[PDB]
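So you can see what is in the structure, the chains are spelled out below.
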Amino acid sequence: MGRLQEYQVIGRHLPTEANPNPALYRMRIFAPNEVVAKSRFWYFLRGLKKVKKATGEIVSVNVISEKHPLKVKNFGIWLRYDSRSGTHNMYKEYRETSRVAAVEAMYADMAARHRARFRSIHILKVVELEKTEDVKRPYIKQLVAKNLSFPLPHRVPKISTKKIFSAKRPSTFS
Amino acid sequence: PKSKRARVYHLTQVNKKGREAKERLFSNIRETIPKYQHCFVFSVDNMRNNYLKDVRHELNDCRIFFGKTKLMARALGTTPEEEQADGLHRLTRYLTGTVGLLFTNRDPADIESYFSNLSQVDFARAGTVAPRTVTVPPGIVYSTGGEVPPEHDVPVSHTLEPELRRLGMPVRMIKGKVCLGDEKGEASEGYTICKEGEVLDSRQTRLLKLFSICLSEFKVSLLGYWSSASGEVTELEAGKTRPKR
Amino acid sequence: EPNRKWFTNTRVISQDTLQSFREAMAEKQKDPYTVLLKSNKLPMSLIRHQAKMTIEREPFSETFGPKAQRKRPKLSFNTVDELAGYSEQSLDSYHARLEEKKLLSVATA
Amino acid sequence: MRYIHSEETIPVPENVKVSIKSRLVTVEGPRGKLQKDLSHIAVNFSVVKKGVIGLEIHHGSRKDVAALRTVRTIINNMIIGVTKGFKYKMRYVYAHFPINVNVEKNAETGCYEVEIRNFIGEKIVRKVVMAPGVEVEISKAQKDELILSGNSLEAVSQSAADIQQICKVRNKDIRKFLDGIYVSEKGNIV
Amino acid sequence: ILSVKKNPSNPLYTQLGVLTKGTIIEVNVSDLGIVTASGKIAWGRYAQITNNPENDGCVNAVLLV
RNA sequence: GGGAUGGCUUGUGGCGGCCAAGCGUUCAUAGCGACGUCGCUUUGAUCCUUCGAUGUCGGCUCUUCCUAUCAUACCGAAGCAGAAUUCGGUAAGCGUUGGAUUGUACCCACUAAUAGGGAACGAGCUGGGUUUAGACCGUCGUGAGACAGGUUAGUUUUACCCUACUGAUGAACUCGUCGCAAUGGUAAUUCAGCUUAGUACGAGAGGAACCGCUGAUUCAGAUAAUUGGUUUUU
RNA sequence: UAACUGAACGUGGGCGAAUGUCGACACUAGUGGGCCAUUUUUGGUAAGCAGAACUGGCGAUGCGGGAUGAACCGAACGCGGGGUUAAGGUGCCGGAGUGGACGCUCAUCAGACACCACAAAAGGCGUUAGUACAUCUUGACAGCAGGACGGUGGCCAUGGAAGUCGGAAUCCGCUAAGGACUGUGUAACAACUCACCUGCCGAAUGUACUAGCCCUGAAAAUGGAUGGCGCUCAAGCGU
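Residues numbered from 1 in each chain as written, not as in the entry; some residues may be left out. Chains lettered and ligands numbered in written order. Part of a larger assembly, values for the part shown. Heavy atoms only, no water. Residues with missing side-chain atoms left out of burial classes, pairs and counts.

**Q** Describe the overall build of chain E, naming the residues involved and giving the relevant values.
**A** Each helix and strand counted, chain E has 2 helices and 4 strands in total. Moving toward the C terminus, one meets the helices and strands of chain E in the order β-α-β-β-α-β. Each of the three principal axes of chain E carries a C-alpha extent, and together these read 40 × 25 × 15 Å. With 65 residues in all, chain E has 32% of them scored as buried. A separation threshold of at least 6 residues defines the contact pool for chain E, and within that pool the share at least 24 residues apart is 31%. Put simply, chain E shows about 3800 Å² of open surface, and 51% of that area lies on carbon and sulfur atoms. (Helix = DSSP H or I, 4+ residues; strand = E, 2+ residues; numbered from the N terminus. Buried < 20%, exposed > 50% of the residue type's maximum accessible area, 1.4 Å probe, protein only. Contact = heavy atoms within 4.5 Å. Areas by Shrake-Rupley, 256 points an atom, 1.4 Å probe, with all protein chains shown as cover.)

This is the structure in structure tokens:
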């Protein structure tokens, strides 16, 4: 859902006389910016603990960048989405180069295939498949095969949309 | 995947056996071993095998197993670290194709004599070579199709002629009688079911079974036997010739 | 509104009184020249299966059809002489009925 | 799901000569020559081994993968047709009126022509013209049998179906009136 | 039916004897064998209409026992 | 002086009780509920039980549309032997009549069949609803009069305007002759007889169909040799 | 008040949250039981609906967009110039993209303004993505070649009924496995077949649900309507 960045958001309850050192809660949140990241932090924290924004504070917001954005990786995402019936689990896999790109591909795929919006999807886990034996979806298993080489038949050539007329009928073989 | 074959659910009493039958076979074979001195392996290849019940009845003191080949091999023990008794992994190399186990207390010579002089004429199955030429004569079709003289044969049933037409015999109903061509027999030749020196297919063997024509034999071939006292496997004549695994 | 008198008997009458009333009333409609007084205030509401058993014993499915189990007909006769007499009487009655019907281009509307 | 690669194999006998150009299959055999236009299905042809034709689809869906089986069976039937041929034996049976069948070969059209007469005593004379390459004969070994032979399975089976459909009883009980021409045996010439 | 006891909408409707839903009627219960503690036959009992007769063509009632 | 419900509707009842896939529900184990089922609503009878116009519909001429198909065309199934059918499907191309009854909507006949609707019923003509003024009877009222009502006789009377339609001329391009065809309309319909054949089929009674031939019904377009009609041929 | 002990009112002295920034008369009016809508609430209906409270709009009002318009969205209005937007749009009509990324769908009048009704726990051998349970080299699903037996023609019944017109029971043995039988069939038998098992094969399948898009889920009557053309890796749908 947009150019997403992963943030660690650490927050806590406001210190009182009973608890001078309240517990810190850290979450990894995919959001377009820090305001949305803090909003999602307060939402997920209201879903789990007796802390809201008026009674708590944000200790830290940091950006978690990808360690190796130049390495092709397989990601398994376990998610829960809310439909007309209720909340359902989905396990999906994406062959991307970063967790953020995997999450954008996830959001586009769920919007395309199940009409699920950003407001109705909970990202529960995003993990890296260390071995290719952990890959379970056949559309990624056909990509992790040995000596994968394929042609590209029927490639429509890119002709400028401002050039209306051409004197040669284009070919679709390059 | 909306377009799928509709799986028919059978409204019958008998269900699938499953893993419990495999475990029962394992228990029965592993309990039969310490009771008999000799364990024979016999082969019945490309055969009807409905006289095996008569063989079981005649060998009252013996025990016959005719289950899955790999399950019997696993029951006996394929490796020397798995065998129930010594030399049984030597015997397991004989178990391939359609085979069976025979646990016995009797003499090996007696068992060989019985399974050598045992011989019953049986219906041929698909793949066997036809020993002769069978031709149903023209005219009215009888039950044997010319094996017995036609004056000693009942006419064939009227319910069989759609099956005969499906199996390729150009029969027709004339006044409640199944005939090739005309009732007296004309304008056609006899229907050749099979020719000598020809591999029989299932259509021809089904025709021969419907006309009660038997072109095969019931021969059980003993491959070898393991003895408990000596702890060794003695190989018989068919053991050299049969493929080994 | 809930009330206790909705669940009570509103009209009761004893056996002998009902029987005497019915007998006297029947004697009253015996005479056509006698008329009642205040009949609207009189309890006049008190004054005013072989096929099922046969079908219950023998269903239609058990009588005739693919599921039929009937094997014995229902006869009006027991002896050969009774059958001969039955046939003779039936033939005579049949002839009488056709004679009656005979005694009793399309026609105009 | 879009499958990256799917392939099928067709073995070719030594007598058979296959020429494929722009999805136009030409199969040559001892009995004759067949030609078919498979330009309506996106298939890439190749020679994966000496005497084996390779069918492939790249980036196709499940339907595009499944269509290769139809292509495989069509080319295999063309090979079987040019090698051994196809033969449909048909029987015509009658109850009271004998059915008269006359087979000719119209030379200007170069095709066989089957003429059916006296079906349920009808005075009409039915006529069926066969597809080119389909040879129709009256069997001398059996009684009231036609034999349709050819290299094209579709042509032979369609001609047999046309013969079977042209003699159809109308406005009568099919339980009682059993007459007609029926396809009895389907097989190969050789 | 013996009488119409109460039509809940209007006493004029009761006076006219209108059979509507929820109307209390008096019925002859001689066929049900209802008897008192000594043997007198109870032949009049209240029942309530549970259907809409103007829409259904029939009067359906439940005994008030 | 003021006025003149509508993406409704259609083929399968209500009330009351059981049963049950399921929905809910585990600190409460209730409550709804598809598919069903059960009770109330003459041995082919009876003909001696017709149960309230405040609300109005008919008819003539004529055109078109819908299908929710009566007939014709084709097809599937049924003890469908044949004949005659019955149920169902695609189909609106083509037809769907003549009469009796007003003490007040059903009968009869021909026919292949006598299918159902819309364009009104959310200023053409003509009979009832229906009702100005005359008159009579019945009910009511002291009465004038009114009506539960019944009966009789009784005034709206364009077109030459615009558009639409049906036909008929026409300027400009010299006049005229012979043509092409964009587009618009479009047409045929049903029955009978001969042969097949007293044949297939059938115990019998009965009894088809394809190819071929000849007429007739309804419709349409013409025509006047003949026959009727018409006569100011005065 | 036991009391200058208090109660008021004076004498004198000293010293306070944010944000934004009028009152009284005189005279004269029109309107004061209107319409629509959000939210809350009280009654109901077969479904409709009927009422109250606050707020906004209209009657009094133009403009941009909903193709069009009393109630929708944006926005309120002197005469002009330049710049930027809101709502809505960028295939043509039409000013602005046949823009970019990932997928889904082929509809015999799709869809592009839906929420209401038809209408249901509805029907789909259409197409994708998932969940749960189960089988599987000890050989899964499908097929092919075979077996599919004995007591026993189980009991009663029936002219006849042998697993297969009926009623009630439905057991044991040989088993690898086989029902006192799933259908075809006979007058009854016979015969075939199914459930089940074994041999060949070769690696992934089966069932039930969930969520998308698509078809059906009822239609009349002049010829017509996503506004029109037209659109199918869209000019449809989701982001």
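Picking up where we left off.
**Q** Let's hear about empty space enclosed by the protein: which residues, and what values?
**A** Taken as a whole, the largest cavity spans an internal volume of roughly 40 Å³. Around the largest cavity, the lining residues are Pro170, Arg172, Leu180, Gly181 and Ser188 of chain B together with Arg91, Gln142, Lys143 and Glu145 of chain D. Across the lining of the largest cavity, the residue classes break down as 2 nonpolar, 3 polar and 4 charged. (1 Å grid on protein atoms, 1.4 Å probe; cavity = no way out; pocket = protein on both sides within 12 Å on 5 of 7 lines; lining within 4 Å. Points joined across faces, edges and corners; volume = space filled by probe spheres on them. Nonpolar A, V, L, I, M, F, W, Y, C, P; charged D, E, K, R; others polar.)

**Q** Please provide a residue-by-residue account of the side chain of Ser43 of chain B, values included.
**A** Residues and elements named next belong to chain B. Along the chain, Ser43 falls in strand β1 (residues 38-43). Taking relative accessible area as the criterion, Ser43 reaches 5% and is therefore assigned buried. Within the structure, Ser43 has its side chain in polar contact with the side chain of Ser221 (distance 2.3 Å). Contact partners of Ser43, with chain neighbours within four places excluded, come to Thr98, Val99, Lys219, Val220, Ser221, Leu223 and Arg242. (Polar contact = N/O pair within 3.5 Å; in protein donor to acceptor, adjacent residues only side chain to side chain.)

**Q** So, the layout of surface pockets: which residues are in play, and what are the values?
**A** Over the atoms, a rolled probe matching the size of one water molecule traces out where space is still vacant. Taken as a whole, the largest pocket spans an internal volume of roughly 1200 Å³. Residue lining of the largest pocket: 39 residues in total, with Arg165, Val171 and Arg172 of chain B together with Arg91 and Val93 of chain D positioned closest to the centre. Going through the elements one at a time, α6 (161-166) and β7 (171-174) of chain B together with β7 (86-93) and β13 (180-187) of chain D are the ones with two or more residues in the lining of the largest pocket. The element contributing the most residues to the lining of the largest pocket is β13 of chain D, with 6 residues. Counted by class, the lining of the largest pocket contains 17 nonpolar, 6 polar and 16 charged residues. Space inside the second largest pocket adds up to approximately 560 Å³. If you trace the second largest pocket, you find 20 residues lining it, with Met27, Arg28, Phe44, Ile123 and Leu124 of chain A closest to the centre. Broken down by element, the lining of the second largest pocket gets its largest block of residues, 6 residues, from strand β6 (residues 121-128) of chain A.

**Q** I'd like a description of the nonpolar core, backed by residues and values.
**A** Residues and elements named next belong to chain B. Within the largest apolar cluster, 24 residues are counted, with the highest numbers of intra-cluster contacts made by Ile29, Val41, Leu76, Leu91, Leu101 and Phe103. Elements supplying a minimum of two residues to this core: α1 (19-32), β1, α3 (69-76), α4 (88-91), β3 (99-104) and β11 (221-227). The biggest single contributor to this core is α3, with 5 residues. Beyond its immediate chain neighbours, meaning those up to four positions away, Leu91 contacts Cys39, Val41, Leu76, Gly224, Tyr225, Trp226 and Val233. (Core = buried A, V, L, I, M, F, W, Y, C linked by side-chain atoms within 4.5 Å.)

**Q** Outline the protein's contact with RNA strand F, listing residues and values.
**A** Close to RNA strand F lie 21 residues, the nearest being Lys123, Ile124, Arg170 and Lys176 of chain D together with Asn60 of chain E. Among the atoms of RNA strand F lying within 4 Å of the protein, the sugar-phosphate backbone contributes 68%. Interatomic distance of 3.2 Å between a side-chain N/O atom of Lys172 of chain D and a base nitrogen of RNA strand F. Between RNA strand F and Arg175 of chain D, the relevant distance is 3.2 Å, taken from a sugar or linking oxygen to a side-chain nitrogen or oxygen of the residue. (Near = heavy atom within 4 Å.)

**Q** Before we move on, could you go through helix α1 (residues 34-46) of chain A and cite the residues and values that matter?
**A** All names here are of chain A. If you check α1, its first and last C-alpha atoms are 18 Å apart, about what 13 residues at 1.5 Å a residue would give, namely 18 Å. Within α1, burial applies to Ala37, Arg40, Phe41, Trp42, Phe44 and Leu45. Its buried side turned inward, α1 meets β1 (5-13), β2 (24-31), β3 (56-63) and β6. Its side-chain oxygen at 3.4 Å from the backbone nitrogen of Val35, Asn33 defines the N-terminal cap of α1. (Expected span 1.5 Å × (residues − 1).)

**Q** Got a sec to walk through the sheet that holds strand β8 (residues 177-180) of chain B? Specific residues and values, please.
**A** All names here are of chain B. Read from one edge to the other, the open sheet built from 3 strands follows the order β6-β8-β7, with strand pairing classed as antiparallel. The outermost strands of the open sheet, each flanked by one partner alone, are β6 (139-140) and β7. Bridge analysis of β7 against β8 gives 4 bridges, and the strand direction is antiparallel. Bridge pairing links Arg172 to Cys179 in β8. (Pairing = 2+ DSSP bridges.)

**Q** I'd like a rundown of the protein's contact with RNA strand G, residues and numbers included.
**A** Within the structure, RNA strand G sits among 76 residues, and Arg115 and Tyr139 of chain A, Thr12 and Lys70 of chain B together with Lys67 of chain C are positioned closest to it. Measuring from a sugar or linking oxygen of RNA strand G, one finds a side-chain N or O atom of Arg125 of chain B at 2.8 Å. Secondary-structure elements contributing two or more residues to the surface near RNA strand G are β5 (87-96) and α2 (99-114) of chain A together with α1, α2 (52-58), β2 (63-65), α3 and α7 (202-210) of chain B. Among the residues forming the surface near RNA strand G, the class breakdown is 25 nonpolar, 22 polar and 29 charged.

**Q** Describe the pairing of strand β11 (residues 135-138) of chain D, with residues and values.
**A** Residues and elements named next belong to chain D. Here β11 pairs with strand β12 (residues 145-150) via 4 bridges, running antiparallel. Following the sheet pairing, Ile138 is matched in β12 by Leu146. The antiparallel pairing of β11 with β12 creates a hairpin that spans 6 residues between the two strands, and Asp144 there sits at a positive phi of about 60°.

**Q** Let's hear about the interface of chain B and chain D: which residues, and what values?
**A** Across the boundary between the two partners, chain B contributes 10 residues, which contact 7 residues of chain D. The largest per-residue losses of area from chain B upon contact with chain D belong to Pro170, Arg172 and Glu189 of chain B, which jointly make up 54% of the total buried on that side. If you look at where chain B meets chain D, you find 1 salt bridge. Here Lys143 of chain D ties to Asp182 of chain B by a salt bridge, and the two come within 2.7 Å at their closest N and O atoms. Here chain B and chain D share 3 residue pairs in polar contact between them. (Buried area = accessible area lost by both parts, 1.4 Å probe. Salt bridge = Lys/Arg side-chain N within 4 Å of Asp/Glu carboxyl O.)

**Q** I'd like a description of a positive patch on the surface, backed by residues and values.
**A** Residues and elements named next belong to chain B. Residues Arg5, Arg7, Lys16 and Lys68 make up a contiguous surface patch of positive charge. Here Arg7 lies in the segment before α1. In this structure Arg7 comes out as exposed when scored by relative accessible area, which is 84%. (Patch = residues over 30% accessible without salt bridge, like charges linked within 9 Å, V, L, I, M, F, W, Y side chains within 5 Å. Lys, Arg positive; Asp, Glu negative; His and termini not counted. Charge placed at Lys NZ, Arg CZ, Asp CG, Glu CD.)

**Q** I'd like a description of the sheet that holds strand β4 (residues 33-37) of chain D, backed by residues and values.
**A** Residues and elements named next belong to chain D. Strand order in this open sheet of 3 strands is β2-β3-β4, and the pairing throughout is antiparallel. The sheet is open, and its two edges are formed by β2 (17-21) and β4, each paired on a single side. Between one strand axis and the next, the sheet turns through 10° on average, direction left out of account. Here β2 runs beside strand β3 (residues 24-28); their pairing, made up of 5 bridges, is antiparallel. (Axes fitted to C-alpha atoms, helices over the stretch in contact; angles between N-to-C directions.)

**Q** Residue-level account of the arrangement of the chains, with values.
**A** If you rank the 3 pairs of chains in contact by how many contacts each has, first place goes to chains C and E. Separated throughout, chain A and chain B approach each other most closely at a C-alpha pair spaced 16 Å apart. With no contact between them, chain B and chain C keep their nearest C-alpha atoms 22 Å apart.

**Q** Tell me about the interface of chain C and chain E, residues and numbers included.
**A** Put simply, an interface is often sized by how much accessible area is lost when its parts join up. Each side of the interface is counted separately: chain C has 15 residues, and chain E has 18 residues. When chain C packs against chain E, close to 1600 Å² is buried across both sides, 61% of that on carbon and sulfur atoms. Here chain C is connected to chain E by 1 salt bridge. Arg11 of chain C is paired through a salt bridge with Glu26 of chain E; the nearest N and O atoms lie 3.1 Å apart.

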